[PDB]
Amino acid sequence: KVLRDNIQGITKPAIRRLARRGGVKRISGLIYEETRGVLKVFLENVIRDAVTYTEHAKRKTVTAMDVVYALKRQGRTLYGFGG
Amino acid sequence: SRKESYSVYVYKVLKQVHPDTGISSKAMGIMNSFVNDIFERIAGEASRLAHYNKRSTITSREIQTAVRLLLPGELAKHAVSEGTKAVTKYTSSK
Amino acid sequence: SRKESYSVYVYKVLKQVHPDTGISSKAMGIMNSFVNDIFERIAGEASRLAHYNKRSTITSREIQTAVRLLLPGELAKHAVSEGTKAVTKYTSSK
Amino acid sequence: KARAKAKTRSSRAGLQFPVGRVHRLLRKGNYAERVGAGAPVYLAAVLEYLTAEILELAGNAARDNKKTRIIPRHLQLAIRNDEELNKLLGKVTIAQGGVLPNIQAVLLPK
Amino acid sequence: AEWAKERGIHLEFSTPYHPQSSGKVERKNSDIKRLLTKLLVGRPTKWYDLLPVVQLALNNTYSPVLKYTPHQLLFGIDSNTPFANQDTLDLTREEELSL
DNA sequence: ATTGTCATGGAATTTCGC
DNA sequence: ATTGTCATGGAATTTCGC
DNA sequence: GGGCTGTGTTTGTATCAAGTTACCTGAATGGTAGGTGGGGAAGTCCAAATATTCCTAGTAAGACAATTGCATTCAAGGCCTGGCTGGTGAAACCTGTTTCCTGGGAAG
DNA sequence: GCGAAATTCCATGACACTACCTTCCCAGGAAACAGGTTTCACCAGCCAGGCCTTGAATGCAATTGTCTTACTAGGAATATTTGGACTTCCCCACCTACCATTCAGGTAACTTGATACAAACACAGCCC
Ligand SMILES: [Mg+2]
């Protein structure tokens, strides 16, 4: 199923609100075309590593431990969902 | 079927230093998955300590070195001495 | 005693694509230790693929997934197809 | 016939984390072929010191913000408050936590 | 079976654990593995190349106790094969159907 | 509501030569 | 410088009764 | 002097968890016999660390020169904030379907 | 001589090292999920005005970069001296493999219990 224009779903306040959690007061208007780029790099290195686990067990559902196993691979461990 | 866990053994530690304290479901899974991760760091460094010294044997010496590597500074002083109590108490028994 | 190595099997690859080329001693050890490290990444991810799917068996399918994880992008397209040639050639023999 | 009283090995060492369950997770995880009888004892202690040290610190932050139960925000905040606990989990995201309160003291208003 | 009822296929199954019931296919599988065995002596078994050979080499082996090709008993005359009969070319095809 | 088979080489058999 | 076998139930066989 | 947003205190119930248990099986223990792995004691040989000097190279330093870095002022652009509108996201409801999900089972 | 009973006969099949592997079935349930409807409230998108921050231009001051010299210590080669890692050989205790027995935990259920959230009115802290 194909639904495009959804890198533009990461809206303009929801990058500002993520900026405020990092402790950032004033931002530019050109981070919005940088953040959407660095985000899709990070999801093209997790979903590419997650699907090769789900294809390997011949599952059609990328389950909760799969993503945690992908994040185990990169060296960014996620607790709380298992694994 | 059966999912093994460390959830029961948290209430036997939570009710040791904070006996009037509950703990939520979604916070159990963190202390559940804290254990399984900090398990296989210590095991998976004691494992690779077996190959580095050409032995097929995980002793209780090799778990001690694989805790002085993963834990930094002041945790590496306590969690060593909080294990050698539980071994010397164990071996004097049985 | 005996130190096993991959040093001999480099000259059988160095003299395939650059037949007029030598290689130094201290550069052999890099391509020696490149192999032993890239060995146990692929094995040590195929190993942990055995536990994740509850099998005691390293197949030649599990090495293929543990190369599509470690190698990025365009190496993951060739080193898969540079293995399935060497298996189909292998199994049609014997 | 009957047999003696089955005394668990977690009660024979004064721990709370099991040693029977740890000793079959060193022979079904392919860590090595032989696993000593004292190794899952010694490992269930180190799993028990570090389970206290978070929950000791997670008890305080629950108390300092007037809470009975420990929600993951406290686990988020018990970690990264202690220095040496943070250097263990320096790479590790805790789910549903947010960050510590922090301003770089240059963004303060004028 | 739901595809087989479309064609008019009457499916027939053997009695279980009885491979002797399926008669000819257990024989020709001892033919295919004696043709593809003989071609592939001393080379890697690249037998996907040699499958158009087999249903043209076995289908023109004379049954040595019937003395006919599989082609003749199926069609009636040989196709352009090496060593094909001219003994039927002295006849009319409009009448050798009932022959 | 199903069931061997059939290529294959001694060896026996038939043709038949004159 | 080696080679079937042997328990087992119809079924045929023998005993034998008088 | 006033105002706004964050903050606190109190109540009720829903939800989440705490509770106790019933069983039942899974697993956890007890007692043993066996072999193997490892641990321990030894030795010739091995690799590193030291005591030395010697010489040399670059390290250390003193002087000088010029650029850069800094601090200020100038100019305006860019961004933050807010008064507003609406389109979607989410929460609650219903389900059929699809996939799994080990697990058992048949058959070639 | 027929029948009943006691006996010998002989044609035959299975034992040879065995489990996996594949694909379809079954199945119950459940897993949610993918699908879809529904509604309300909220978060995002819109646009502009004011101000503050950044960028630039600059002059200058010291910081820094280069040049030069006396020199200290690093490195290498040496002899030697010394400190040990690993190879070696052997034995014992410890781990394992096993079954039987039993206990404990996980699921599960019914109940209970307790806390957190949502709401409302007010208080306090900080800022314009
Ligand atoms: Mg078949």
# chains A, B, ... in the order shown; residues from 1 in each chain; ligands from 1
$ residues_around --residues "residue 37 in chain A" --least-positions-apart "6" --cutoff "12 Å" --atoms "only C-alpha atoms (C1' of nucleotides)" --output "list in words"
residues 7, 8, 10, 30, 31, 43 and 44 of chain A
$ interface_residues --of "chain B" --to "chain D" --cutoff "7 Å" --atoms "only C-alpha atoms" --output "MDAnalysis selection string"
chainID B and resid 9 12:14 17:18 21:24 27 35 47 56:60 63 70:75 79 82:83 86:87 89:90 93
$ residues_near_ligand --ligand "ligand 1" --cutoff "12 Å" --atoms "only C-alpha atoms (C1' of nucleotides) and all ligand atoms" --output "PDB file with N, CA and C atoms (P, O5', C5', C4', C3', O3' and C1' of nucleotides), in the first residue's frame"
ATOM      1  N   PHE E  13      -6.246 -41.541  -6.626  1.00  0.00           N
ATOM      2  CA  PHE E  13      -5.123 -41.583  -5.714  1.00  0.00           C
ATOM      3  C   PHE E  13      -4.796 -43.019  -5.377  1.00  0.00           C
ATOM      4  N   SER E  14      -3.524 -43.263  -5.123  1.00  0.00           N
ATOM      5  CA  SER E  14      -3.118 -44.591  -4.733  1.00  0.00           C
ATOM      6  C   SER E  14      -3.523 -44.862  -3.295  1.00  0.00           C
ATOM      7  N   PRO E  16      -2.467 -45.596   0.416  1.00  0.00           N
ATOM      8  CA  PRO E  16      -1.341 -44.940   1.087  1.00  0.00           C
ATOM      9  C   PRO E  16      -0.240 -45.926   1.419  1.00  0.00           C
ATOM     10  N   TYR E  17       0.996 -45.423   1.397  1.00  0.00           N
ATOM     11  CA  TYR E  17       2.225 -46.167   1.662  1.00  0.00           C
ATOM     12  C   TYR E  17       2.360 -47.347   0.711  1.00  0.00           C
ATOM     13  N   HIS E  18       1.853 -47.154  -0.503  1.00  0.00           N
ATOM     14  CA  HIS E  18       1.891 -48.167  -1.544  1.00  0.00           C
ATOM     15  C   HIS E  18       2.339 -47.464  -2.810  1.00  0.00           C
ATOM     16  N   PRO E  19       3.646 -47.343  -3.024  1.00  0.00           N
ATOM     17  CA  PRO E  19       4.148 -46.706  -4.243  1.00  0.00           C
ATOM     18  C   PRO E  19       4.060 -47.592  -5.467  1.00  0.00           C
ATOM     19  N   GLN E  20       3.707 -48.856  -5.274  1.00  0.00           N
ATOM     20  CA  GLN E  20       3.619 -49.802  -6.371  1.00  0.00           C
ATOM     21  C   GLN E  20       2.342 -49.595  -7.165  1.00  0.00           C
ATOM     22  N   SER E  21       1.379 -48.874  -6.590  1.00  0.00           N
ATOM     23  CA  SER E  21       0.101 -48.663  -7.254  1.00  0.00           C
ATOM     24  C   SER E  21       0.251 -47.770  -8.471  1.00  0.00           C
ATOM     25  N   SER E  22       0.935 -46.639  -8.315  1.00  0.00           N
ATOM     26  CA  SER E  22       1.281 -45.795  -9.453  1.00  0.00           C
ATOM     27  C   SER E  22       2.296 -46.541 -10.307  1.00  0.00           C
ATOM     28  N   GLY E  23       1.816 -47.058 -11.432  1.00  0.00           N
ATOM     29  CA  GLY E  23       2.598 -48.027 -12.167  1.00  0.00           C
ATOM     30  C   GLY E  23       3.693 -47.447 -13.029  1.00  0.00           C
ATOM     31  N   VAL E  25       4.659 -44.302 -13.800  1.00  0.00           N
ATOM     32  CA  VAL E  25       5.444 -43.151 -13.392  1.00  0.00           C
ATOM     33  C   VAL E  25       6.590 -43.583 -12.502  1.00  0.00           C
ATOM     34  N   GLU E  26       6.403 -44.633 -11.710  1.00  0.00           N
ATOM     35  CA  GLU E  26       7.526 -45.193 -10.985  1.00  0.00           C
ATOM     36  C   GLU E  26       8.464 -45.945 -11.903  1.00  0.00           C
ATOM     37  N   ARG E  27       8.030 -46.276 -13.116  1.00  0.00           N
ATOM     38  CA  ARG E  27       8.975 -46.859 -14.052  1.00  0.00           C
ATOM     39  C   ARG E  27       9.745 -45.787 -14.802  1.00  0.00           C
ATOM     40  N   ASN E  29      10.374 -42.817 -13.910  1.00  0.00           N
ATOM     41  CA  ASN E  29      11.319 -42.162 -13.025  1.00  0.00           C
ATOM     42  C   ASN E  29      12.573 -42.990 -12.843  1.00  0.00           C
TER      43      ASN E  29
ATOM     44  P    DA H 107      -1.774 -40.636   5.539  1.00  0.00           P
ATOM     45  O5'  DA H 107      -0.609 -40.200   4.547  1.00  0.00           O
ATOM     46  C5'  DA H 107      -0.832 -39.168   3.634  1.00  0.00           C
ATOM     47  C4'  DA H 107       0.368 -38.962   2.739  1.00  0.00           C
ATOM     48  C3'  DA H 107       1.173 -40.206   2.377  1.00  0.00           C
ATOM     49  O3'  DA H 107       1.636 -40.059   1.056  1.00  0.00           O
ATOM     50  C1'  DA H 107       2.589 -38.674   3.318  1.00  0.00           C
ATOM     51  P    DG H 108       1.941 -41.372   0.135  1.00  0.00           P
ATOM     52  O5'  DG H 108       2.989 -40.812  -0.928  1.00  0.00           O
ATOM     53  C5'  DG H 108       2.977 -39.435  -1.255  1.00  0.00           C
ATOM     54  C4'  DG H 108       4.363 -38.823  -1.411  1.00  0.00           C
ATOM     55  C3'  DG H 108       5.425 -39.781  -1.920  1.00  0.00           C
ATOM     56  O3'  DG H 108       6.266 -39.106  -2.812  1.00  0.00           O
ATOM     57  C1'  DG H 108       6.161 -38.793   0.026  1.00  0.00           C
TER      58       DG H 108
END
$ select_by_dssp --residues "range 14-60 of chain A" --states "alpha helix (DSSP H)" --output "MDAnalysis selection string"
chainID A and resid 14:21 32:43 47:56
$ residues_around --residues "range 92-99 of chain E" --least-positions-apart "4" --cutoff "10 Å" --atoms "only C-alpha atoms (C1' of nucleotides)" --output "count of residues only"
4
